[PDB]
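Asks: pasting the first bit of my complex, frame unchanged:
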Amino acid sequence: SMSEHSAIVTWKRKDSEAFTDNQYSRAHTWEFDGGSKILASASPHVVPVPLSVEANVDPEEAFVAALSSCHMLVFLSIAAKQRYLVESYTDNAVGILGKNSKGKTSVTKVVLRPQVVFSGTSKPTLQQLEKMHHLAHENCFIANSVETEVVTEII
């Protein structure tokens, strides 16, 4: 059903920061309802380190992780319902910045490369796995919200 999801994003000038020289820290915080606070930054592909902070999450990385996580969650529920025992699910996902059709810089492509380990006495075939991933992509809330071409390479 319908739901709302909030994030508080906050940046504060450090005492030592001139700011107008563009040499301010891009570190900032993301705060969510359940109480968690995440240290964030601009991507180091767009703003050089040390202005960006490599150890902190960036918007592009979070975008890729959300798409990959959303797809995973749908898949796992499908696999449980088919009574397949999943031991692990690991996705090495990659997003690409490039120019979209309108000539604007965007995340034009995301490749999901999920590797799933099954156990127990009912394991699916290659054909079945493939259909579980197609259903997962079709019912992924995040994939359904984006212009990004989302491709799954099943590993």
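Replies: Arrived safely, thanks for sending. Residues are numbered from 1 along each chain as shown, chains lettered A, B, ... in the order given.

Asks: could you use CA atoms for every contact and neighbour count after this?
Replies: OK.

Asks: any idea how far residue A:122 is from residue A:83?
Replies: Note on residue A:83: its distance to residue A:122, by CA to CA, to the nearest Å, is 8 Å.

Asks: cool, residue A:86 as well?
Replies: 10 Å.

Asks: more crowded one of those two?
Replies: The neighbour comparison of residue A:86 against residue A:122 (other CA atoms under 10 Å) goes to residue A:86, with 15 against 11.

Asks: not counting sequence-adjacent ones, nearest residue to the more buried one?
Replies: residue A:118 (4.5 Å; CA to CA, 6 or more residues apart in numbering).

Asks: got it, and residue A:91?
Replies: Closest to residue A:91 by CA to CA, 6+ apart is residue A:114, at 4.1 Å.

Asks: surely that neighbour and residue A:88 touch.
Replies: No. Using CA atoms under 8 Å, residue A:114 is not in contact with residue A:88, being 10.2 Å away.

Asks: between the two, which one's more packed in?
Replies: Per other CA under 10 Å, whichever of residue A:114 and residue A:88 has more neighbours is residue A:114, with 18 against 11.

Asks: doesn't residue A:63 belong to a strand?
Replies: No. Going by DSSP: H, G, I helix; E, B strand; the rest coil, the assignment for residue A:63 is helix, not a strand.

Asks: burial of it, as a residue count?
Replies: 15.

Asks: contacts only, for it.
Replies: Neighbour list for residue A:63: empty [criterion: CA atoms under 8 Å, 6 or more residues apart in numbering].

Asks: pretty sure residue A:6 contacts residue A:32?
Replies: Yes. At 6.5 Å, residue A:6 counts as touching residue A:32 under the criterion of CA under 8 Å.

Asks: looking at the two, which one has more neighbours?
Replies: Neighbours were counted for residue A:6 and for residue A:32 using other CA under 10 Å; residue A:32 has more, 14 against 8.

Asks: just give me the residue closest to the centre of chain A.
Replies: Nearest to the mean C-alpha position of chain A, counting by CA atoms, centre = their mean, stands residue A:65 at 1.7 Å.

Asks: give me the spatial nearest neighbour of that residue, chain neighbours excluded.
Replies: residue A:93 (7.3 Å).

Asks: and if you look at residue A:56?
Replies: residue A:40 is the one closest to residue A:56 (CA to CA, 6+ apart), at 4.8 Å.

Asks: okay, chain B goes in next:
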Amino acid sequence: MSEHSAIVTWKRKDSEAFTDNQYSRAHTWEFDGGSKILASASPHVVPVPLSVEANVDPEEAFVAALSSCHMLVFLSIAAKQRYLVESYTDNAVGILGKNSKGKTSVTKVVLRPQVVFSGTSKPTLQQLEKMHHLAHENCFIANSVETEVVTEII
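Replies: Alright, chain B goes in next:
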């Protein structure tokens, strides 16, 4: 132009039956620079204790990515125009609903940024509004989504 990586991992817990659909949705996100984030399904989507309230969920992350991206472009614009920004706080909300079509997706995200300027040179409202239109135009995440993204300034 650039590549952005995420490793998303779920492992079945010891003794967790899974096939009963009662498994924990907690999992991890790992990024190149070493950040690990504890993740879950949203508790507005999956009840609890199947979802874990203190963990980040895909929907929350997608709202933060949009809000964060818009902010970072805004700040570089403000700094270029020689305004001194003391703070920027955006209380963002995204809404999951149907379409367009009939598929559940994030239909609308509303950004509500509040900016504190100090010092001698401060923008007028008109200048502030223009900085936000430019930031939205140049925000990579916003240029990636089909979501209606609206900015209500202040």
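
Asks: check the nearest residue to residue A:65 one more time with chain B there.
Replies: residue B:6 (5.4 Å; CA to CA, 6 or more residues apart in numbering or on different chains).

Asks: list the contacts of the one you found.
Replies: Going by CA atoms under 8 Å, 6 or more residues apart in numbering or on different chains, residue B:6 touches A:61-62, A:64-65, A:91-94, B:29-32.

Asks: next, the angle strand B:2-11 makes with the lengthiest strand in chain A.
Replies: Using DSSP state E to define each element, chain A has its longest strand at strand A:85-99. Strand A:85-99 and strand B:2-11 are oriented at 170 degrees to each other (axes from the mean of the first three to the mean of the last three CA atoms, to 10 degrees).

Asks: listing partners with orientation, what would you give for strand A:85-99?
Replies: Strand A:85-99 sits in its sheet next to strand A:105-112 (antiparallel), strand A:114-119 (antiparallel), strand B:2-11 (antiparallel), going by DSSP bridges.

Asks: just the CA trace of the second one, in PDB.
Replies: What follows is strand A:114-119, C-alpha atoms only, in PDB (Å, rounded to 0.1, in the frame of the first residue of the first chain):
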ATOM      1  CA  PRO A 114      23.300 -10.900  -8.000                       C
ATOM      2  CA  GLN A 115      24.900 -14.100  -6.800                       C
ATOM      3  CA  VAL A 116      22.500 -16.300  -4.800                       C
ATOM      4  CA  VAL A 117      23.500 -19.500  -2.900                       C
ATOM      5  CA  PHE A 118      20.700 -22.000  -2.400                       C
ATOM      6  CA  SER A 119      20.600 -25.000   0.000                       C
END
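
Asks: picking up where we left off before, now do the longest strand of chain A: distance to the chain's middle.
Replies: 8 Å (CA atoms, centre = their mean, to the nearest Å).

Asks: can I get that strand in CSV, CA atoms only?
Replies: Extracted in CSV, the C-alpha atoms of strand A:85-99 (Å, rounded to 0.1, in the frame of the first residue of the first chain):
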residue,chain,number,x,y,z
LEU,A,85,16.1,-22.1,0.9
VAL,A,86,18.4,-19.1,0.3
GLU,A,87,21.7,-19.1,2.2
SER,A,88,23.0,-15.8,0.9
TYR,A,89,22.4,-13.1,-1.6
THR,A,90,25.3,-10.9,-2.7
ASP,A,91,25.0,-8.2,-5.4
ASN,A,92,28.0,-6.3,-6.7
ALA,A,93,26.0,-3.4,-8.2
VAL,A,94,27.5,-0.7,-10.4
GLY,A,95,26.0,2.7,-11.5
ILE,A,96,27.2,4.8,-14.4
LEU,A,97,27.1,8.6,-14.7
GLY,A,98,26.7,9.9,-18.2
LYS,A,99,24.5,12.2,-20.3
